[PDB]
Amino acid sequence: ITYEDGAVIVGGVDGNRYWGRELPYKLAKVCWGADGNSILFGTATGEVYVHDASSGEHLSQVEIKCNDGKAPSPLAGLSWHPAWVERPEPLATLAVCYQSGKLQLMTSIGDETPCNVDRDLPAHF
Amino acid sequence: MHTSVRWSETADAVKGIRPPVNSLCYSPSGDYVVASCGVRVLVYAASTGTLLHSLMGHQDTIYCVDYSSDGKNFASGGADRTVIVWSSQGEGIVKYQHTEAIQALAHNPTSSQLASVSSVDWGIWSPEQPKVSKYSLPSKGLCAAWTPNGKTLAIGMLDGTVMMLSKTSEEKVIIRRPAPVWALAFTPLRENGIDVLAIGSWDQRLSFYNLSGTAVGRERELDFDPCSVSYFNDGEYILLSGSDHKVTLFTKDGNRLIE
């Protein structure tokens, strides 16, 4: 359960709060790592980070290239389907989408060759 | 596992003595190679090793060279009582002196700023804050190693004092080694969330110490005195080099596999 101020609360099935934090940046989109040990967050500006499931510290940042970087573009889609977690060559099931409509399909946290395919239309979900 | 030389350079002999290649660095991108010959920093490519840059800014011989995890700026430390911060193209960022000598340069893979290890103490130079606090140490340090997540910094010392002097936690876990600590590194592959530090103690011994100061596994004997610790295939193996005049690859347990 994540808020706009960056506050994150990871609760269990019953309600046992595993850990809560107040991250400094403004969160807008949140995903779950495919393996289940990483949590991907998205800033209001448009940047995406990878944190730990248990400790929650700032593990790394995803290498983005569809984002121009000139202005902070909000993001509209951030989903990582775990169907191929135990796949010898994991498919590009990660998806990062911005409000402009730039879709970037990565295969790992820090994939260097995403299958970024652009569309003219915008995107919301 | 077959090993074959692809390219090899050699520093020119001056007055009959070739200055040592004390340090070596690879870019996180995997292309830039940084070496230090004499008073001069040299830049090569990974594939061919062509001499790209020949920076001459240090007045004396260079001991420590480090590369940032971003792949933009690398800092080289010469024996001229002064640390110089350099850019990829060759522009010095800042040239700040130390008291008597500088020994090591460590870059945190997460945060941008680095930590220098010198005679008086280890200085913390940051791009936002030029002010660096100064404190006393028993003597001059040897090496340094940051955690891959930036948790703790380990200082390798000749008398063996390895201290967990981290800015986040003021608590210190003291390691005692009878031998000099010339090369210590933090594993990038953590199993069960354990922080392990490999120390190449110069009594021909390789030791593993966790963040609790406990000897992980056993102490492994070596046929040399290791002076350069590294990991192979992201924690799969460990690379060692020393007085054997040979490069050896060991398991994470510590057993010898292949020179």
# chains A, B, ... in the order shown; residues from 1 in each chain; ligands from 1
>>> interface_residues(of="chain A", to="chain B", cutoff="9 Å", atoms="only C-alpha atoms", output="list in words")
residues 57, 58, 59 and 60 of chain A
>>> write_last_selection(atoms="N, CA, C and O atoms", output="PDB file, in the first residue's frame")
ATOM      1  N   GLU A  57      15.428  -1.471   1.222  1.00  0.00           N
ATOM      2  CA  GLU A  57      16.393  -0.423   0.933  1.00  0.00           C
ATOM      3  C   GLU A  57      16.518  -0.217  -0.575  1.00  0.00           C
ATOM      4  O   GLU A  57      16.109  -1.057  -1.380  1.00  0.00           O
ATOM      5  N   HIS A  58      17.103   0.921  -0.951  1.00  0.00           N
ATOM      6  CA  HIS A  58      17.215   1.312  -2.349  1.00  0.00           C
ATOM      7  C   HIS A  58      18.234   0.432  -3.059  1.00  0.00           C
ATOM      8  O   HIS A  58      19.416   0.781  -3.134  1.00  0.00           O
ATOM      9  N   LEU A  59      17.781  -0.714  -3.576  1.00  0.00           N
ATOM     10  CA  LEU A  59      18.700  -1.668  -4.187  1.00  0.00           C
ATOM     11  C   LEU A  59      19.355  -1.094  -5.436  1.00  0.00           C
ATOM     12  O   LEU A  59      20.586  -1.086  -5.551  1.00  0.00           O
ATOM     13  N   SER A  60      18.560  -0.590  -6.371  1.00  0.00           N
ATOM     14  CA  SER A  60      19.117  -0.104  -7.634  1.00  0.00           C
ATOM     15  C   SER A  60      18.070   0.744  -8.349  1.00  0.00           C
ATOM     16  O   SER A  60      16.981   0.997  -7.821  1.00  0.00           O
TER      17      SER A  60
END
>>> residues_around(residues="region 68-84 of chain B", least_positions_apart="5", cutoff="7 Å", atoms="only C-alpha atoms", output="list in words")
residues 27, 28, 29, 58, 59, 60, 61, 62, 63, 92, 94, 95, 96, 97, 98, 99, 100, 101, 102, 107 and 109 of chain B
>>> residues_around(residues="residue 236 (chain B)", least_positions_apart="4", cutoff="10 Å", atoms="only C-alpha atoms", output="PyMOL selection string")
chain B and resi 187-189+231-232+250-252
>>> residues_around(residues="residue 243 (chain B)", least_positions_apart="5", cutoff="8 Å", atoms="only C-alpha atoms", output="list in words")
residues 224, 225 and 226 of chain B
>>> residues_around(residues="residue 81 (chain A)", least_positions_apart="3", cutoff="12 Å", atoms="only C-alpha atoms", output="PyMOL selection string")
chain A and resi 31-36+78+84-85+90-96+105-108
>>> select_by_dssp(residues="region 18-202 of chain B", states="strand (DSSP E or B)", output="MDAnalysis selection string")
chainID B and resid 24:26 32:37 40:45 62:67 74:78 82:86 92:97 102:107 114:118 122:125 143:146 153:156 162:164 175 181:186 196:201
>>> write_last_selection(atoms="C-alpha atoms", output="PDB file, in the first residue's frame")
ATOM      1  CA  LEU B  24      43.935  -1.493 -12.512  1.00  0.00           C
ATOM      2  CA  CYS B  25      40.280  -0.674 -13.152  1.00  0.00           C
ATOM      3  CA  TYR B  26      37.493  -1.810 -15.469  1.00  0.00           C
ATOM      4  CA  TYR B  32      37.245   1.488 -20.277  1.00  0.00           C
ATOM      5  CA  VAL B  33      40.449   0.173 -18.685  1.00  0.00           C
ATOM      6  CA  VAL B  34      42.384   2.488 -16.366  1.00  0.00           C
ATOM      7  CA  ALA B  35      46.007   1.834 -15.390  1.00  0.00           C
ATOM      8  CA  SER B  36      48.677   3.908 -13.647  1.00  0.00           C
ATOM      9  CA  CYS B  37      52.286   3.892 -14.877  1.00  0.00           C
ATOM     10  CA  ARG B  40      50.829   9.084 -15.560  1.00  0.00           C
ATOM     11  CA  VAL B  41      47.318   7.635 -15.741  1.00  0.00           C
ATOM     12  CA  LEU B  42      46.644   5.619 -18.897  1.00  0.00           C
ATOM     13  CA  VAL B  43      43.354   4.628 -20.534  1.00  0.00           C
ATOM     14  CA  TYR B  44      42.820   1.591 -22.771  1.00  0.00           C
ATOM     15  CA  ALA B  45      39.932  -0.244 -24.401  1.00  0.00           C
ATOM     16  CA  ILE B  62      50.442   6.555  -8.519  1.00  0.00           C
ATOM     17  CA  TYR B  63      49.389   3.958  -5.941  1.00  0.00           C
ATOM     18  CA  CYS B  64      45.589   3.747  -6.085  1.00  0.00           C
ATOM     19  CA  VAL B  65      43.159   4.107  -8.993  1.00  0.00           C
ATOM     20  CA  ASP B  66      39.389   3.636  -8.741  1.00  0.00           C
ATOM     21  CA  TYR B  67      36.502   3.684 -11.219  1.00  0.00           C
ATOM     22  CA  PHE B  74      37.455   7.849 -12.306  1.00  0.00           C
ATOM     23  CA  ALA B  75      39.873   9.093  -9.644  1.00  0.00           C
ATOM     24  CA  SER B  76      43.593   8.288  -9.502  1.00  0.00           C
ATOM     25  CA  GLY B  77      45.712   8.639  -6.378  1.00  0.00           C
ATOM     26  CA  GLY B  78      49.410   9.429  -6.688  1.00  0.00           C
ATOM     27  CA  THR B  82      47.136  14.990  -3.087  1.00  0.00           C
ATOM     28  CA  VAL B  83      44.027  13.285  -4.465  1.00  0.00           C
ATOM     29  CA  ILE B  84      42.909  14.462  -7.911  1.00  0.00           C
ATOM     30  CA  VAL B  85      39.405  13.718  -9.211  1.00  0.00           C
ATOM     31  CA  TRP B  86      39.317  13.199 -12.973  1.00  0.00           C
ATOM     32  CA  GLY B  92      40.382  17.443 -13.295  1.00  0.00           C
ATOM     33  CA  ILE B  93      37.395  17.957 -11.016  1.00  0.00           C
ATOM     34  CA  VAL B  94      39.253  18.935  -7.831  1.00  0.00           C
ATOM     35  CA  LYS B  95      42.842  18.600  -6.590  1.00  0.00           C
ATOM     36  CA  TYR B  96      42.775  18.382  -2.786  1.00  0.00           C
ATOM     37  CA  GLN B  97      45.855  17.553  -0.738  1.00  0.00           C
ATOM     38  CA  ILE B 102      47.304   8.474   0.100  1.00  0.00           C
ATOM     39  CA  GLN B 103      46.729   4.743  -0.154  1.00  0.00           C
ATOM     40  CA  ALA B 104      43.308   3.758  -1.495  1.00  0.00           C
ATOM     41  CA  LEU B 105      40.223   5.024  -3.321  1.00  0.00           C
ATOM     42  CA  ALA B 106      36.828   3.335  -2.937  1.00  0.00           C
ATOM     43  CA  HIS B 107      33.646   4.186  -4.853  1.00  0.00           C
ATOM     44  CA  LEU B 114      33.856   8.170  -2.873  1.00  0.00           C
ATOM     45  CA  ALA B 115      36.062   7.530   0.157  1.00  0.00           C
ATOM     46  CA  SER B 116      39.825   8.067   0.099  1.00  0.00           C
ATOM     47  CA  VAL B 117      42.190   6.233   2.455  1.00  0.00           C
ATOM     48  CA  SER B 118      45.325   8.199   3.282  1.00  0.00           C
ATOM     49  CA  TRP B 122      40.124   8.150   5.518  1.00  0.00           C
ATOM     50  CA  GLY B 123      38.590  11.266   4.012  1.00  0.00           C
ATOM     51  CA  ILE B 124      35.033  11.476   2.719  1.00  0.00           C
ATOM     52  CA  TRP B 125      34.958  13.766  -0.318  1.00  0.00           C
ATOM     53  CA  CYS B 143      43.013  -0.792   1.368  1.00  0.00           C
ATOM     54  CA  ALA B 144      39.265  -0.179   1.470  1.00  0.00           C
ATOM     55  CA  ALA B 145      36.057  -1.873   0.370  1.00  0.00           C
ATOM     56  CA  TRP B 146      32.456  -0.666   0.229  1.00  0.00           C
ATOM     57  CA  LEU B 153      33.014   0.384   4.642  1.00  0.00           C
ATOM     58  CA  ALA B 154      35.905  -1.912   5.577  1.00  0.00           C
ATOM     59  CA  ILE B 155      39.439  -0.539   5.973  1.00  0.00           C
ATOM     60  CA  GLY B 156      42.324  -2.947   5.425  1.00  0.00           C
ATOM     61  CA  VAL B 162      39.622  -4.036   9.913  1.00  0.00           C
ATOM     62  CA  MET B 163      36.978  -1.605  11.157  1.00  0.00           C
ATOM     63  CA  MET B 164      33.330  -1.344  10.093  1.00  0.00           C
ATOM     64  CA  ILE B 175      38.735  -7.833  12.899  1.00  0.00           C
ATOM     65  CA  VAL B 181      45.602  -6.796   5.164  1.00  0.00           C
ATOM     66  CA  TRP B 182      46.560  -5.831   1.616  1.00  0.00           C
ATOM     67  CA  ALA B 183      43.373  -6.760  -0.268  1.00  0.00           C
ATOM     68  CA  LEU B 184      39.833  -7.120   1.088  1.00  0.00           C
ATOM     69  CA  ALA B 185      36.541  -7.110  -0.810  1.00  0.00           C
ATOM     70  CA  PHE B 186      32.805  -7.466  -0.222  1.00  0.00           C
ATOM     71  CA  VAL B 196      30.671 -11.478   3.770  1.00  0.00           C
ATOM     72  CA  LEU B 197      34.122  -9.889   3.440  1.00  0.00           C
ATOM     73  CA  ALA B 198      37.058 -11.750   1.889  1.00  0.00           C
ATOM     74  CA  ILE B 199      40.430 -10.737   3.359  1.00  0.00           C
ATOM     75  CA  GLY B 200      43.722 -11.804   1.788  1.00  0.00           C
ATOM     76  CA  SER B 201      45.915 -11.813   4.887  1.00  0.00           C
TER      77      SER B 201
END
>>> closest_residue(among="A:28, A:53, A:39, A:83", to="residue 98 (chain A)", atoms="only C-alpha atoms")
A:28
